[PDB]
Amino acid sequence: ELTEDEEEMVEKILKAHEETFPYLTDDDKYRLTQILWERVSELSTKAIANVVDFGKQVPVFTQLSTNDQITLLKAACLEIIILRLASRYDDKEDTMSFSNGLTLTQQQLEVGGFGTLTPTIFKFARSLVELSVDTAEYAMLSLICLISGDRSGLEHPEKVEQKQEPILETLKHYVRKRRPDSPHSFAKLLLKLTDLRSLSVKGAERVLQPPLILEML
Amino acid sequence: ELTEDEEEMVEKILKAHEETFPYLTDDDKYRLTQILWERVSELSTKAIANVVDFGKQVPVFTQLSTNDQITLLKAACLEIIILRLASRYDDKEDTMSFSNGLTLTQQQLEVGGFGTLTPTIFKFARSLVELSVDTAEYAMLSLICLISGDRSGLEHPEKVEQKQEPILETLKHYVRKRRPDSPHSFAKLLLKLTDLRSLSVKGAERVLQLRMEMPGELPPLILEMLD
């Protein structure tokens, strides 16, 4: 249905996601018993560590200068974690899941450490489900976040943009193959990257209210 | 060590140690004159810092999750530093010497950072000199400490274990090369790891009291590990 290279790209990108963001409800989730943002903060360390590994597993990124890898990961990290979190949203049950299996309702999150943002997080995640976004799309779309040539202070921003160009074409074709009917689908998907930038800033604000990892040279 | 891979592995692990643990008596060691703890505690930062580098530079360790790297490094950091500090124990003069060259005596350390542990540290270090332990064997034991499947909270403890096994076999053959006469030396060297666990757990207890109840809590890499 699609180029041979591209299908190679999808699989490598998917596989990189899958290896560093395993599937859920096999090794089931749990719904909590009882105000408890302790775990949420706990899982942050591991969550970021995994996004790093995601990049290690995708030569393209591995092609880039070590400085640029750090710069892009620094800038991308929270965006990709949010996208992952959205990825685990359960439409049926109106819940979100952490990599541990901890599963929480919107209201439980509002009261805990997710604030007034929680509604806007859920709306976004719901938006992706309307667009029938799949694991492959989540992965590639993250990689588009990672390899973004507008980050401040890159050594070779032009190189970064070059590396980004094939994933963009691949995403387009994959989306087209899943959605031959709807020519709007690709634009809609990328513009959720815009949503994610804006959402990311707001989420970061609430983080306030990686030095061992940074030692990667 | 037997296979060409093993001899290679020794060289790699040895090299990484040397790269992160420079030789001493050259940039010679010196004794100040008269208190000392601040001198000791500052040097902690580098000491930790180099162990991180040791991990950075080493076969296989890099292969595993970023998480597991972090988990193992936190877990193993004090054991490796104690082992390193033992390497520099001087048998004639009864001294332990630091990065800089600063060299000290058992009593000085008792007043210095070490306190009640100091006797048990020196006992241990004495024990390693008896077994005639060399730089390469020190480097292997550090990685073996590092690559340890038993540490709590690992993502893939089975892999960490599998990654450990060739280094163990390699250490064995190397020990066999150096000690054809006594075949129980490899067993003896392993049991020193069990000593170092116990020694390390006591070490941590002192670190917690001393650093927080400290004039200066710094710095940024150093905090994360001990925590």
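Residues numbered from 1 in each chain as written, not as in the entry; some residues may be left out. Chains lettered and ligands numbered in written order. Heavy atoms only, no water. Residues with missing side-chain atoms left out of burial classes, pairs and counts.

- Determination of this PDB entry was carried out by X-ray crystallography to a resolution of 2.6900 Å, according to the record.

- Naming follows the PDB entry, where chain B appears as Retinoic acid receptor of Platynereis dumerilii.
- Here the entry title, as the record gives it, is "Crystal structure of Platynereis dumerilii RAR ligand-binding domain in complex with all-trans retinoic acid".

- You'll find chain A entered in the PDB entry as Retinoic acid receptor, with Platynereis dumerilii given as the organism.

## With respect to the side chain of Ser148 of chain A
All names here are of chain A.
1) Next: Residue position: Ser148 is located in the loop between α6 (135-146) and α7 (157-178).
2) Next: Taking relative accessible area as the criterion, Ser148 reaches 7% and is therefore assigned buried.
3) Next: Non-local contacts of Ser148, meaning those with residues more than four positions away in its chain, are made with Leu72, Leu154, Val160, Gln164 and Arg197. (Helix = DSSP H or I, 4+ residues; strand = E, 2+ residues; numbered from the N terminus. Buried < 20%, exposed > 50% of the residue type's maximum accessible area, 1.4 Å probe, protein only. Contact = heavy atoms within 4.5 Å.)

## So, the interface of chain B and chain A
1) Next: At the junction of the two partners, chain B supplies 13 residues and chain A supplies twelve residues.
2) Next: Buried surface at the junction of chain B and chain A, both sides included, amounts to about 1,100 Å², of which 62% is carbon and sulfur.
3) Next: Interface area lost by chain B to chain A is led by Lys56, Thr66 and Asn67 of chain B, which between them contribute 41%.
4) Next: One can count zero salt bridges joining chain B with chain A.
5) Next: In this structure, the connection of chain B to chain A is made through three residue pairs in polar contact.
6) Next: Looking at the side of chain B that touches chain A, the elements that each hand over two or more residues are α2 (37-56), α3 (66-87) and α9 (220-226) of chain B.
7) Next: Each residue belonging to the side of chain B that touches chain A can be placed in one class, and the counts come to six nonpolar, three polar and four charged. (Buried area = accessible area lost by both parts, 1.4 Å probe. Salt bridge = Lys/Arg side-chain N within 4 Å of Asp/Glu carboxyl O. Polar contact = N/O pair within 3.5 Å; in protein donor to acceptor, adjacent residues only side chain to side chain. Nonpolar A, V, L, I, M, F, W, Y, C, P; charged D, E, K, R; others polar.)

## Side note on unusual backbone geometry
1) Next: With an omega of 0 degrees, the peptide bond running from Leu218 of chain B to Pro219 of chain B counts as cis.
2) Next: Note that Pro219 of chain B resides in the loop between α8 (185-212) and α9.
3) Next: For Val60 of chain A, which is not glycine, the phi torsion reads 130 degrees and is therefore positive.
4) Next: When you line up the elements, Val60 of chain A lands in the loop between α2 (38-56) and α3 (66-87).
5) Next: Residue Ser132 of chain B is not a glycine yet carries a positive backbone phi of 70 degrees.
6) Next: Along the chain, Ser132 of chain B turns up in the loop between α5 (118-130) and α6 (135-146).
7) Next: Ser132 of chain B gets classed as partly exposed once you look at its relative accessible area, which sits at 44%.

## Description of the pattern of salt bridges
1) Next: With the rule as written, the count across this model stands at 23 salt bridges over all chains.
2) Next: Linking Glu93 of chain A and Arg31 of chain A is a salt bridge whose minimum nitrogen-to-oxygen distance equals 3.1 Å.
3) Next: Judged by its relative accessible area of 44%, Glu93 of chain A is partly exposed.
4) Next: On the basis of relative accessibility, which here comes to 39%, the residue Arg31 of chain A falls in the partly exposed class.
5) Next: We note a salt bridge from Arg31 of chain B to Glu93 of chain B, for which the minimum N-O separation is 3.8 Å.
6) Next: In this structure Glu93 of chain B comes out as partly exposed when scored by relative accessible area, which is 46%.
7) Next: Salt bridges here are not isolated pairs; linked through shared partners, they connect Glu79, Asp150, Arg151 and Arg197 of chain A.

## Quick look at the nonpolar core
1) Next: The biggest cluster of nonpolar side chains holds 124 residues, and the ones touching the most others in it are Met140, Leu143, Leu146 and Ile147 of chain A together with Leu73, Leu143 and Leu146 of chain B.
2) Next: Sorting elements by how many residues they give to this core places α3 of chain B first, with twelve residues. (Core = buried A, V, L, I, M, F, W, Y, C linked by side-chain atoms within 4.5 Å.)

## Topic: the packing of α5 of chain B against α8 of chain B
Residue and element names in this part refer to chain B.
1) Next: Viewed as axis vectors pointing N to C, α5 and α8 meet at an angle of 165 degrees, and their least axial separation amounts to 11 Å. Considering their axes alone, α5 and α8 lie roughly antiparallel with respect to each other. The handedness of the crossing between α5 and α8 is left-handed. On α8, the residues touching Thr120, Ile121, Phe124, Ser127 and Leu128 of α5 are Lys192, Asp195, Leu196 and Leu199.
2) Next: Each residue belonging to the contact of α5 with α8 can be placed in one class, and the counts come to five nonpolar, two polar and two charged. (Axes fitted to C-alpha atoms, helices over the stretch in contact; angles between N-to-C directions. Parallel < 35°, antiparallel > 145°, perpendicular 65-115°, else oblique. Left-handed = near helix turned anticlockwise from the far one by under 90°.)

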